[PDB]
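This is what each chain is made of:
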4 protein chains.
Amino acid sequence: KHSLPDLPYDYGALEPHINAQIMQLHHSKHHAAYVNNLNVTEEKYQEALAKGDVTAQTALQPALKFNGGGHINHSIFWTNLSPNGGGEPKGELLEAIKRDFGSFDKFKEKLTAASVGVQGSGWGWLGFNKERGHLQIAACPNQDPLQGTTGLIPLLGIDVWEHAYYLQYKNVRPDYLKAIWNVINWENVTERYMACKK
Amino acid sequence: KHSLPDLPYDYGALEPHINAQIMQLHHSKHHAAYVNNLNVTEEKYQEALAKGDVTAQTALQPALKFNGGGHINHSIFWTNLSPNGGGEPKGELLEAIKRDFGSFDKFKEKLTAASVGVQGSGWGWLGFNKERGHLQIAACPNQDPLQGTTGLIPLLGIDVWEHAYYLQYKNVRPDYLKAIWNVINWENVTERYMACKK
Amino acid sequence: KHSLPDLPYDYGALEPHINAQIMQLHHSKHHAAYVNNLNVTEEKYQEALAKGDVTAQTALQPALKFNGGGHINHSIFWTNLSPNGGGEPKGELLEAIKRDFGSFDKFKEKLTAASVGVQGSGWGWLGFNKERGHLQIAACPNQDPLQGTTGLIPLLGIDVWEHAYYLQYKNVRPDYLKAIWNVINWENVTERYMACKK
Amino acid sequence: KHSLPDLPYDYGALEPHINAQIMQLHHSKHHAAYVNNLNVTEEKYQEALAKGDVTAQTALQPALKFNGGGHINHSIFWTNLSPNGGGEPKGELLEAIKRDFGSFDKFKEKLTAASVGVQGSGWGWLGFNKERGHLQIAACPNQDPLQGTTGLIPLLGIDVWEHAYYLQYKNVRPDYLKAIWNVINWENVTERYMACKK
Ligand SMILES: [Mn+3]
Ligand SMILES: [Mn+3]
Ligand SMILES: [Mn+3]
Ligand SMILES: [Mn+3]
């Protein structure tokens, strides 16, 4: 089974960067619909699977990738945001970032470009290519999970669905992006990075 | 070459159904951005085409379909809404709805279903299948336009990107649907229908 | 579990239309790889599913749609071909076909156009739209199952992957199509049609 | 405007590796069809563009990417093969293969993996990621060309459509791969590499 995880701050710990109304509707509304559906779908799956009904397995795929990723994506997200965040990573993460993107500002520009360029709903991500042994930026449509659809370990995800920023920044997705840099939990991404060189 | 059309009613003319703040951002900001980027992409496409540079013709395609579609879809969208709309059609459009849907309500239910089911940004459509002589419900992803991607002649469209109802209905896409039913310009859907049956 | 079904004719019952070498390599080579993989994948699925590992469920989707459809598509195919086939359907099927496509020749042209137009690997199909209550033609990429990915009941499938005709007709896919009309099992498709109005 | 290039060796010059019958059909028939349909699509694209007819620009895209890509991919393909090829590269190309793959063989194994794994018609690529300064393996579906769809500069390509090995290797895509390794024109891959590092 799956459960909506608790936010490790409250709906306002992120003001003024991401306002309270968004952090509430986002977590308790969207993310919550994902997990119910994930569960409902996984169960409908178990059945189609037992009867070896391939038509069913196939028909349930989209709902399971959308809701599955909906759940994983947002769960990683919540951990990536922290009221005492922002700044620059420190330690190895920064060095890898220096190594892979040239500097932290270039890294910043690139991930902003990637998130700003997804047409429609999607996510911008910094991931770890365990195969090549280096950081990579990817962008995914709708709720497509990063690792699943790509094999990259998600380290940092930026939700660019309009519901992630509409009530506050409106159509101005680059502003929402300027903001999010102040509430990024570098401690956690360093963590997520650390477990990749494990 | 492409120009943002003008709305045939003022921004608040569809209240309480779609609040004027949505109407003002959607037309002036969103639809505006498409037209503009559309004009810029075609410009780039012509250079790429003039040199038979298949690489750049290929790279510019997403942008072209996205923005061109964005422009087409919304232009039809404003024409499908009217302050003096709502109700049901009559004459042939209705004869046809029954033929193919059984009843206006069943129709009414399928189009809502198709629109509510869009995963992420997209659109629900009532289209006309010319080859078939039939009316047809179809959903499209992002700004992929109906006719160009499906061959169906567009009759009525319902934008389901979050930007089209989030400031009002929040996550409740379903409430947005129940409401838009009241501002449907049946004078226009019927006009669109009368043209294929020529 | 899944098993490669027996062909209900032998690798030559279809000469000269589809030669023996093709009917053998196709059935015992391709179709056989599908079912092994289907099984292997379905099992790997059951596991990812129990541990609620969404990354895994997601990563195994493509192999399960490809191999699942690989198996269903080809199984339907074998039944659609018969040494004492060809001709025109008779009974209701023909009337529905007369109703939906205007005549049998138009139907023939359309399904030939659809199969001839799939870019890369794919299938051309005549299916039943149980919702609308009429015959519809669709085309699917690679091994995408018809019913699963579309909801249409498969009545008649024409495999247009190059392995379906290369050793015999070479790049000449329309010739392979002219041929297949002589070995079509109208008895079976009428059957498949019959169970749809059930 | 587009012309089928000429092969830089005779059709049987790559035996016993790729039989001359494959070479003659692939260049004269397959590649020929792309170029031709490419010239016809661009022609149609220019009319559609000249009228800002977004609908037709949208409808012609598959055809354009397909045929344009088909032309691009194959043209590079003939240059990547030579009767006096085989072996391993040397100089910087090899330095780089090691840097990024560890060893020529590991490289050799990943590209085969990527090529053998293509579901349906497609291509395996060894490309150059300029932004990164790295060599990169990438697979593409149908005729989607590397650079136009991925941004990677194409270095070596291995066609995995069935038409490229079926008359010889039949279903055994893997045997086709083991064989093509012997006709790789490393003089050309190196030339392609030397251009990005400019
Ligand atoms: Mn979200
Ligand atoms: Mn809109
Ligand atoms: Mn087959
Ligand atoms: Mn080829």
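Please refer to the structure placed before this passage.
Now for a quick tour of the structure. Sequence order sets the numbers: each chain starts from 1, possibly unlike the entry numbering, and residues with no coordinates are not included. To read the labels, note that chains go from A and ligands from 1, taken in the order they are written. Where side-chain values are given, they derive from all heavy atoms of the structure, hydrogens and water being excluded.

## Things to note about the packing of helix α1 (residues 20-50) of chain D against helix α3 (residues 61-79) of chain D
All names here are of chain D. Note the threshold: Only C-alpha atoms enter the line fits that serve as axes; for helices the fit covers just the stretch in contact. Angles between N-to-C directions range over 0 to 180 degrees. Strands here mean DSSP runs of E at least two residues long; helices mean DSSP runs of H or I at least four residues long; both are numbered from the N terminus. Here the angle decides the label: under 35 degrees means roughly parallel, over 145 means roughly antiparallel, 65 to 115 means roughly perpendicular, and every other value means oblique. In this scheme the handedness of a crossing depends on how the near helix is turned from the far one: anticlockwise by less than a right angle means left-handed, clockwise means right-handed. By the convention used here, residues are in contact when the closest approach between their heavy atoms is within 4.5 Å. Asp, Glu, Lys and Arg are counted as charged, while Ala, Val, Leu, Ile, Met, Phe, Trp, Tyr, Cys and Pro are counted as nonpolar; the rest, among them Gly, fall into the polar class.
The contact between α1 and α3 brings their axes to 8 Å, and the two run at 140 degrees. Judged on the interaxial angle alone, α3 and α1 are oblique. For the pair α1 and α3, the crossing hand works out as left-handed. Along the contact surface, α1 presents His 26, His 27, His 31, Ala 33, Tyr 34, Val 35, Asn 37, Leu 38, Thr 41, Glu 42 and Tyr 45, while α3 presents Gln 61, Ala 63, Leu 64, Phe 66, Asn 67, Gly 68, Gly 70, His 71, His 74, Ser 75, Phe 77 and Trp 78. Partitioned by chemical class, the residues of the contact of α1 with α3 number ten nonpolar, twelve polar and one charged.

## Here's the deal with the interface of chain C and chain A
In plain terms, the rule: Two parts placed together each lose some accessible area; with a 1.4 Å probe, that loss summed over both constitutes the buried area. The term salt bridge refers to a side-chain nitrogen of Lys or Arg lying within 4 Å of a carboxyl oxygen of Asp or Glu. Counting of polar contacts relies on pairs of N or O atoms within 3.5 Å, with two restrictions inside protein: one atom must be capable of donating a hydrogen and the other of accepting it, and residues adjacent in sequence are counted only when both atoms are side-chain atoms.
With 21 residues of chain C in contact, the opposing surface of chain A contributes 21 residues. Taken over both partners, the interface formed by chain C and chain A buries close to 1900 Å², and the fraction arising from carbon and sulfur atoms is 63%. For chain C, the biggest contributors to the area lost against chain A are C:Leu49, C:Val54 and C:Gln61; these three give 29% of the whole. Here chain C is connected to chain A by zero salt bridges. The tally of links from chain C across to chain A stands at five residue pairs in polar contact. Of the residues belonging to the side of chain C that touches chain A, the class tally is eight nonpolar, eleven polar and two charged.

## With respect to the coordination of the manganese ion (ligand 1)
All names here are of chain A. Stated precisely, the cut-off is as follows: Distances up to 2.8 Å from the metal define which N, O and S atoms are donors, and 3.2 Å serves for Na, K and Ca; water is absent from the atom set, so sites may look incomplete. Whether a residue is buried, partly exposed or exposed follows from its accessible area with a 1.4 Å probe, protein chains only, as a fraction of its type maximum: under 20%, in between, or over 50%, in that order.
Around the manganese ion (ligand 1), the protein contributes the donor atoms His 26 (NE2), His 74 (NE2), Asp 159 (OD) and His 163 (NE2), at 2.0 to 2.1 Å from the metal centre. Sequence spacing of the donor residues for the manganese ion (ligand 1), all on one chain, is H-x47-H-x84-D-x3-H. Separated by 137 residues along the polypeptide, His 26 in helix α1 (residues 20-50) and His 163 in the loop between β3 (153-159) and α7 (166-169) bring together distant segments of the chain. Residues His 26 and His 163 agree in their burial class; the two are buried.

## Regarding the interface of chain A and chain D
Facing the eight residues of chain A at the interface are seven residues of chain D. Across the interface of chain A and chain D, roughly 530 Å² is buried in total on both sides, 33% from carbon and sulfur atoms. Linking chain A with chain D are one salt bridge. Between chain A and chain D we count two residue pairs in polar contact in total. Contributing elements (two or more residues each) for the side of chain A that touches chain D: α4 (92-101) and β2 (134-141) of chain A. Broken down by element, the side of chain A that touches chain D gets its largest block of residues, three residues, from β2(A). Its residues assigned to classes, the side of chain A that touches chain D shows two nonpolar, two polar and four charged.

## Describing the layout of surface pockets
We apply this condition: Method remark: on a 1 Å grid restricted to protein atoms, a set of points is classed as a cavity if a 1.4 Å probe fits but cannot get out and as a pocket if it is open with protein on both sides within 12 Å along at least five of seven lines; lining residues have an atom within 4 Å of a point. Grid points are joined across faces, edges and corners, and a volume is the space filled by probe spheres set on the points.
Taken as a whole, the second largest pocket holds about 1900 Å³ of empty space. Taken together, 38 residues make up the lining of the second largest pocket; nearest its centre are B:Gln136, B:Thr150, C:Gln136, C:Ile137 and C:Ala138. Those elements giving two or more residues to the lining of the second largest pocket turn out to be α5 (104-116), β2 (134-141) and α6 (146-150) of chain B together with α5 (104-116), β2 (134-141) and α6 (146-150) of chain C. With six residues, the top contributor of residues to the lining of the second largest pocket is β2(C). The residue makeup of the lining of the second largest pocket, split by class, is 14 nonpolar, 17 polar and seven charged.

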